[PDB]
Amino acid sequence: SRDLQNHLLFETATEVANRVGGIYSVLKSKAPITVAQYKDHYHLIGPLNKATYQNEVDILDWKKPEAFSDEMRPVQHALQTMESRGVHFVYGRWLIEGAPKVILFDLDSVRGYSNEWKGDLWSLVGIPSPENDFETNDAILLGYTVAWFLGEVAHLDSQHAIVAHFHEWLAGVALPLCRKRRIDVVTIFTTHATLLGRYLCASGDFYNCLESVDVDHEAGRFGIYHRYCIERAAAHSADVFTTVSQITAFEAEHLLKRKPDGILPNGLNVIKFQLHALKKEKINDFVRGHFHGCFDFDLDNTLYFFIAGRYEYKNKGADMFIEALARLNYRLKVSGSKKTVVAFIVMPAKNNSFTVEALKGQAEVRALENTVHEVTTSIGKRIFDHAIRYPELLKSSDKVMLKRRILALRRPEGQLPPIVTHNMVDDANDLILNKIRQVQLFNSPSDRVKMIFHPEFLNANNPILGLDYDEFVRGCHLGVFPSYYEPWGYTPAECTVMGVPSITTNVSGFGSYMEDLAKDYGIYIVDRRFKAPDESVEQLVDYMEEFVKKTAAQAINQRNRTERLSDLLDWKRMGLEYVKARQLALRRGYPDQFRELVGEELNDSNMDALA
Amino acid sequence: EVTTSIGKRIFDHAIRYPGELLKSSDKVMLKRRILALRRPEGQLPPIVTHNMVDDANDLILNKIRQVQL
Amino acid sequence: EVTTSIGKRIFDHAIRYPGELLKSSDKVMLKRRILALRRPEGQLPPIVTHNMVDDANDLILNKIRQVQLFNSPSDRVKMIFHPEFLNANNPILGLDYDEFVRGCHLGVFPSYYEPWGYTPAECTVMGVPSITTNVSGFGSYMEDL
Ligand SMILES: OC[C@H]1O[C@H](O[C@H]2[C@H](O)[C@@H](O)[C@@H](O[C@H]3[C@H](O)[C@@H](O)[C@@H](O[C@H]4[C@H](O)[C@@H](O)[C@@H](O)O[C@@H]4CO)O[C@@H]3CO)O[C@@H]2CO)[C@H](O)[C@@H](O)[C@@H]1O
Ligand SMILES: OC[C@H]1O[C@H](O[C@H]2[C@H](O)[C@@H](O)[C@@H](O[C@H]3[C@H](O)[C@@H](O)[C@@H](O[C@H]4[C@H](O)[C@@H](O)[C@@H](O)O[C@@H]4CO)O[C@@H]3CO)O[C@@H]2CO)[C@H](O)[C@@H](O)[C@@H]1O
């Protein structure tokens, strides 16, 4: 009979101290708020990565009597048992804000027990396991080791109730074992996507006919069956099953055959972020160097649109984006509009650094600034010296350098401002370039929406666009993330957090979530679940157009409105959902003792049901 | 202020490609600041910067008075 | 960041009147930034900064390979090859040529054929000690003063 009020927390994931996924970010940014609650009762467990762990972990000596409070002693004895038997790990602090404690199992040290295990898995959960699949071998090694570790703790610790949270299938194998071996931990499984989900949306339809596919057959079709099984197995053996977003919980329910008990939306460390004019000026400098020799539009009357993130052409809706811009370009010409949209695509691709062309633009426009500056301070000296001595200001010397620097801006006749800043390592086959070719946005003066593809991360130290992403983002006016497959979507959310209006969609997790909290707040939500592809694109252009019109006041209102939506996404608020999930795990594990702590039988069908 | 105004104008021109650069607005305020430097006729730049609490007796002033610098 | 945090704390204390000044928060991020500087064991600081489009054949690299100046700690002169013009706007050496030259201590221009050698000459005009030769034009010229 253990203590529910004073329990342990073990969070397991392949990403604990190695950025191999976006979960690394979730766990790292959730640390401070859970370490605040659990202090040293909380551990992250994960596979030791021998290449990186040394840069991220404050390696600790776990044997010193001091390394553990007396009550937390059981974990320490637990770990020794484990090393006795030949399992090698690293105990330490993960050097991130919050400095949570970490247990990093060495998958080589246990690789022997491999076969005994691929087998013991099949004979308690009929999960297959070919030997050519390293990720699943690694996922099985990890699974057995952690269940082991948790077994021990469950054994030696008898004061604390023990909850153990697993993220994503690669850390799922422990989950069946725990249920099978009646181990006295309460489990939770969070999936941040599904395998079928991803693989199905990797060609070019889903959200409609997803509720009618033969999962067993489709998994087979991708050579994914065993992985699929691990993912399902984990989803059913958990005491609480969850996903990051409403939309994913829909795909989960029908693809893994269990309706999630709840949603665990990803929050951020809002302080970590919290200017527009100041940063918009750096983007102005870039635009001038890029359209040098044919700068025919008013920056005071131009708007910066952007899309960013992993280069996933279809899934991130890079296609919808470019298309909609072509259609926004027509609408803008026909409407005879006075405004200009410069639209950046910041998505990294195989490249050979900056194009000689783009580098020149910036350098010549920099020499102009330099020369103008030198010339104006001269006038300064001369006007002043005149006024003080009391009783054409340009000498010819200055005229000459001025003239030279303006001549250098002239660009080859008929040559247009490039649609790309880098040397593409595949100009022929690149999905983005080809799409912007198909629609002929080539940056001619008639064209009211201009196009800039920047196939590389933004660093402030670049010759071209001297911004850090966080700087660039604030400098902009609207972020546009028309995603088709996107379980959460950090880039939209973080865009919002920095107080920049943004378009998402309702098949995005962050979209779906936002949809329950309209457009006045800086969040537009295109419908991809219900409207047809074309109606969708058109809705996008409607949103874009509407935004182009916004007057000074209409925009500066919206901006202030989104900047206040900010505090809704901090873990301080979102983290209460983890609490709902963990508690539900207790209520289901110790139904009787829970009634004693609460004062009745609260409902246990979902997390919202409880609270 | 006036010169940086000029700067903006020279740069904007240049960056756009394809004689009084001082507008009237700027000539007015220049002319005003120049006139406010005029000193009352026959007034010379003082030999001292402070109010002397004993102007007449002071050794230093009186000596430079005596040499009429 | 960490030091200005310290400043604020020392000042606030003082102004209020009437030992670890680094909180844990600040020790974590310091410790992380120090570890990210660790280099893969036995890795030495490269002799070249760029990707060579012909690494094997290059005369310069091959010569410094032949003299085995590989930047190991024992070595008392280090070797840095920068096969590109210097530009103030670079991620690596953020200097215009003229800046970089001024910041150095001694220019070395051991020319064999060189009817003038503007490079040494302009090195000297920026006030920097320099080694030329007597088969350099600028050298020869200097030798007569
Ligand atoms: O469930 C009832 C039992 O619960 C308590 O037992 C403890 C054991 O005393 C511990 O020894 C340990 O069991 C571990 C085991 O040590 C570990 O090696 C691993 O064993 C797996 C094996 O790796 C796998 O290949 C296969 O053969 O299955 C084995 C387990 O059957 O994992 C075990 C489970 O964690 O921890 C448990 C935790 O419950 C209680 O003390 C017992 O009396 C009781 O019967
Ligand atoms: O306006 C004059 C010209 O108009 C037409 O040229 C168009 C091309 O047809 C368009 O395809 C496009 O060209 C792009 C090109 O598509 C794009 O890949 C990129 O080229 C980069 C290259 O990726 C990079 O690796 C490196 O080599 O630098 C190149 C740029 O210097 O950007 C091009 C320019 O936007 O747009 C041009 C016009 O600008 C017509 O075909 C031409 O004959 C005519 O001169």
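One is the number of the first residue shown, and numbering goes on along the chain from there.
Structure determined by X-ray crystallography, 3.0 Å.
A Cβ is built for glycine as well, from the same backbone N, Cα and C atoms used for every other residue.
The UDP binding site annotation in Swiss-Prot covers A:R19, A:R310, A:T491 and is backed by similarity to another entry. Annotation note: A:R310 (UDP binding site) sits in a coil segment as assigned by DSSP.
What Swiss-Prot lists as phosphoserine is A:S158 (among others). Following the DSSP three-state reduction, the secondary structure of A:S158 (phosphoserine) is coil.
According to its DSSP assignment, A:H192 (UDP-alpha-D-glucose binding site) is coil. As annotated by Swiss-Prot, UDP-alpha-D-glucose binding site applies to A:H192, A:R198, A:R310, A:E486, A:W488, A:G489, with the evidence given as similarity to another entry.
Mapped onto three states, the DSSP output places A:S353 (phosphoserine) in strand. The Cβ of A:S353 (phosphoserine) lies under 8 Å from the Cβ of A:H422, A:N423, each on the same chain and at least six residues away in sequence. According to Swiss-Prot, the feature phosphoserine maps to A:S353 (among others).
Taken from Swiss-Prot, the feature phosphoserine applies to A:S444 (among others), supported by a large-scale study or a structure entry. DSSP classifies A:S444 (phosphoserine) as coil under the three-state reduction.
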| note | According to DSSP, A:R198 (UDP-alpha-D-glucose binding site) sits in helix
| task | Find the shortest Cα-Cα separation between A:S158 (phosphoserine) and the recorded positions A:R198, A:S444, A:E486, A:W488, and name the residue that gives it. | result | A:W488
| request: Between A:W488 (UDP-alpha-D-glucose binding site) and A:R19 (UDP binding site), find the distance joining the two CA atoms and give it rounded to the nearest Å. | output: 17
| request: Determine, using Cα-Cα distances only, which of these recorded positions is closest to A:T491 (UDP binding site): A:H192, A:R198, A:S444. | output: A:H192
| field | Residues A:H192, A:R198, A:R310, A:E486, A:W488, A:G489 [recorded UDP-alpha-D-glucose binders]: greatest CA to CA distance in Å | value | 16
| note | Among A:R19, A:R310, A:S444, i.e. the recorded positions, the one with its Cα nearest that of A:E486 (UDP-alpha-D-glucose binding site) is A:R310
| request: Restricting to the same chain and to sequence separations of six or more, state which residues have a Cβ under 8 Å from that of A:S444 (phosphoserine). | output: A:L416
| query | In terms of DSSP three-state secondary structure, what is the assignment for A:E486 (UDP-alpha-D-glucose binding site)? | reply | strand
| message | Give me the long-range Cβ neighbours of A:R198 (UDP-alpha-D-glucose binding site): same chain, 6+ apart, Cβ under 8 Å, in sequence order. | response | A:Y485
| request: Can you see whether DSSP assigns A:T491 (UDP binding site) to helix, strand or coil? | output: helix
